[PDB]
Structures are given as C-alpha cells and as structure tokens.
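A.B. asks: Sharing a structure with you now.
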Amino acid sequence: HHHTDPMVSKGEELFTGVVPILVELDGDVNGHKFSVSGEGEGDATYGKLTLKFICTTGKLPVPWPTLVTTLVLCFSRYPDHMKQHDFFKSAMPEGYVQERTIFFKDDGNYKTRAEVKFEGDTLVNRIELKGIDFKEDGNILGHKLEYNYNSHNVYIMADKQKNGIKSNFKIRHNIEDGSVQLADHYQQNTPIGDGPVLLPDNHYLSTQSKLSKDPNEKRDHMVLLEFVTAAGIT
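Residue numbers (the entry's author numbering): -5 to 65, 69 to 231.
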C-alpha cells in the first residue's frame, strides 16, 4: 500500500486484494492422458490460497498429492522488509514461466512447463506435464500415497544470467505403510516480458498445505488450502 520503491509498488498493487485463480493442466503419464481444472482465490496479504481441482477426464491416474507443487508462488506473503526480493510479483502482469523436473526416487519423473500470467483480472496457471518411466506397481501408479501433505521450506536463489530464479528441493510424500516417497524437485523461473524484474537475494519460502474433500462432489477432485511465507532475511 505504501513503498518507497515504485517498482515494488507496481507489483504489490496487482495483489492487494483477493485475486481469482484458474489452473489448467494437460498431462500424460506413461501414456495415461488426463486434464485437471482448478478454480479458487489467492490473498497474498496473508500468503493464502484456496483452490478446488477437478479431473475433467475421469479418474486421475496419479495421486493428487504428487501434483500439489505443480498445480502459484506469486501469492506468497513477503514481509515488508523483503518486498524488494519478490521476483514472482515483479514479473506480472506479463508473467513468468515455471519449469520443473521432478524425480520420484526409484520411480519415474515429471517434466512440467507452466505459464503464470494475468488474463484480465484472473491469474491463470497453464501447465503441461509429461511423466515417463513410472513403475506400474510403484507408489505413484499404484496409488499408495496418503492423502496429506507435509510442511516444507524451500530455498530460492537468483539466476542472474537468465534474469530469473532457481530452486532445488525435496518433497517427502507419506506412503500408506508409514514409509516415505521422496520427490526431488529442480525448478527454474524466467520472465515472459522483457521489462526489468526484481532479482532476489537468497531467501526461503515456508509452506504449509492442507488437503481435503468436498463431501457433495462426485468427480475426482482435491480441495487445497495453502499458506506460503517468505523468510530468512533479518
């Protein structure tokens, strides 16, 4: 609402209230083609997301928790003293590309590319996902993961050469038998536009996610509440 840096003001202004979100994913995992649509709202003031996702092609062929990181970090809450480090909002409204490779230990990998940008007043995240080399009897295609999600801190670093950011981090998915399925993420983000962006000092994001079901919904779906806060600069 009041920042002495006009570049920060420009990005904050687009995220000042509740912003509607649309998520589209087209996926192919070991030749099972599927699509997911999601709708909800983001409130960057509190770092809060609320989304509901539907598999529009029938039953989702992989477990919903494996898609949480893939299915909008511009809604992170950056403390006032860290707002000059917020790459994600500084790239708006033209947006950014978010690319990942996700390696599931002892199993296959996801390769994702997403464009995150405004269409009018709506923040859209449009994703293509390709998954290969998964085991039919593994934890992913065998749906052995529990329907829950662990809190996680992720380290963000600038990539000055690409005018973007980079991160590598591990997600632990609980398996029904009490064990864990590791998912190693590599991520890079680059701006879509050619204007300047804020390139951050090293810092981390703290995330927490809660998964639930809509008791009146017959389609395969996931309801997601996420909180993300930046930290690590004193």
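Ideal Cβ positions, reconstructed from N, Cα and C, are used throughout, including at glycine.
Using CA coordinates, which residue listed in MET79, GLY36, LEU222 and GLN184 is at the minimum distance from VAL121?
C.D. replies: Among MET79, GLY36, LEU222 and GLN184, the Cα nearest to that of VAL121 is on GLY36.
A.B. asks: Give me the Cα-Cα distance between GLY128 and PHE100, rounded to the nearest whole angstrom.
C.D. replies: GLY128 and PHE100: Cα-Cα distance of roughly 10 Å.
A.B. asks: Residues bridged to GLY21 by DSSP?
C.D. replies: Note: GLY21 sits in a beta bridge opposite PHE28 and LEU126.
A.B. asks: Using 10 angstroms around the beta-carbon of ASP(-1), count the other beta-carbons present and answer buried if the total reaches 16, otherwise exposed.
C.D. replies: Classification of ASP(-1): exposed, given that the 10 Å Cβ count is below 16.
A.B. asks: Suppose contacts are defined by Cβ-Cβ distances below 8 Å. Is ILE189 in contact with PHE84 by that definition?
C.D. replies: The answer is no: Cβ separation not under 8 Å.
A.B. asks: Under a Cβ-count criterion, where at least 16 other Cβ atoms within 10 Å of its own Cβ denotes burial, should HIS182 be classed as buried or exposed?
C.D. replies: Counting Cβ neighbours within 10 Å, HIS182 comes out buried, since at least 16 surround it.
A.B. asks: Taking the alpha carbon of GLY105 as the point to measure from, which residue in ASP77, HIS218 and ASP22 has its own alpha carbon closest?
C.D. replies: Minimum Cα distance to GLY105 is reached at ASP22.
A.B. asks: For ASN150, which beta-bridge partners are listed by DSSP?
C.D. replies: Note: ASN150 sits in a beta bridge opposite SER203.
A.B. asks: For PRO59, is the classification buried or exposed, using 16 other Cβ atoms within 10 angstroms of its Cβ as the cut-off for buried?
C.D. replies: The residue is buried, with at least 16 neighbouring Cβ atoms inside 10 Å.
A.B. asks: In whole angstroms, give me the CA-to-CA distance for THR44 and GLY11.
C.D. replies: Going by the C-alpha atoms only, they are around 14 Å apart.
A.B. asks: Any contact of the segment 107 to 117 with the segment 195 to 212, i.e. 3+ C-beta pairs under 8 Å?
C.D. replies: No: the two stretches stay apart, fewer than three of their Cβ pairs being nearer than 8 Å.
A.B. asks: Rounded to the nearest angstrom, what separates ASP211 and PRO76 at their Cα positions?
C.D. replies: Approximately 33 Å, taken between the alpha carbons.
A.B. asks: Count the other C-beta atoms from every protein chain shown that fall within 10 angstroms of the C-beta of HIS(-4), then say buried if there are 16 or more, exposed otherwise.
C.D. replies: Exposed, since its Cβ has fewer than 16 Cβ neighbours within 10 Å.
A.B. asks: With a floor of 3 residues, list each beta strand (DSSP E) that falls wholly inside the segment 154 to 206, ordered by position along the chain.
C.D. replies: With a minimum length of 3 residues, the continuous beta strand (DSSP E) runs that stay inside the segment 154 to 206 are 161 to 171 and 177 to 188.
A.B. asks: Could you name the residues of the same chain whose beta carbon sits closer than 7 Å to that of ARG169, not counting the 5 residues immediately before and after it, in chain order?
C.D. replies: Closer than 7 Å at the Cβ level, and outside the excluded window around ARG169, lie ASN147, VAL177 and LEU179.
A.B. asks: What is the residue span of the beta strand (DSSP E) that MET1 lies within?
C.D. replies: Run containing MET1: none in the beta strand (DSSP E); it sits in the alpha helix (DSSP H), 0 to 8.
A.B. asks: Measure the alpha-carbon distance for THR63 versus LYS42 and round it to whole angstroms.
C.D. replies: About 15 Å.
A.B. asks: Between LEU8, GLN81, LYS157 and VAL30, which has its C-alpha nearest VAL2's C-alpha?
C.D. replies: The option with the nearest alpha carbon to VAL2 is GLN81.
A.B. asks: So what does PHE47 bridge to, in DSSP terms?
C.D. replies: Answer by DSSP bridge pairing, in chain order: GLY32 and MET219.
A.B. asks: Check the C-beta distance from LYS132 over to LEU126 and give it rounded, since I have them as a contact under 8 Å.
C.D. replies: That pair is no contact at about 18 Å.
A.B. asks: Assign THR109 to one of three DSSP states: helix, strand, or coil.
C.D. replies: Reduced to three states, the DSSP call for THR109 is strand.
A.B. asks: Per DSSP, what are the beta-bridge partners of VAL56 in this structure?
C.D. replies: Note: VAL56 sits in no beta bridge, so no partner.
A.B. asks: Closest to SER31 by C-alpha separation, out of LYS4, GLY5, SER209 and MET219, would be which residue?
C.D. replies: The candidate whose alpha carbon is nearest that of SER31 is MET219.
A.B. asks: Give me the Cβ distance between residue 234 and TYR40, rounded to the nearest whole Å; I'm assuming they're in contact under 8 Å.
C.D. replies: An answer regarding residue 234 cannot be provided, because it is not within the stretch -5 to 231 covered by the chain.
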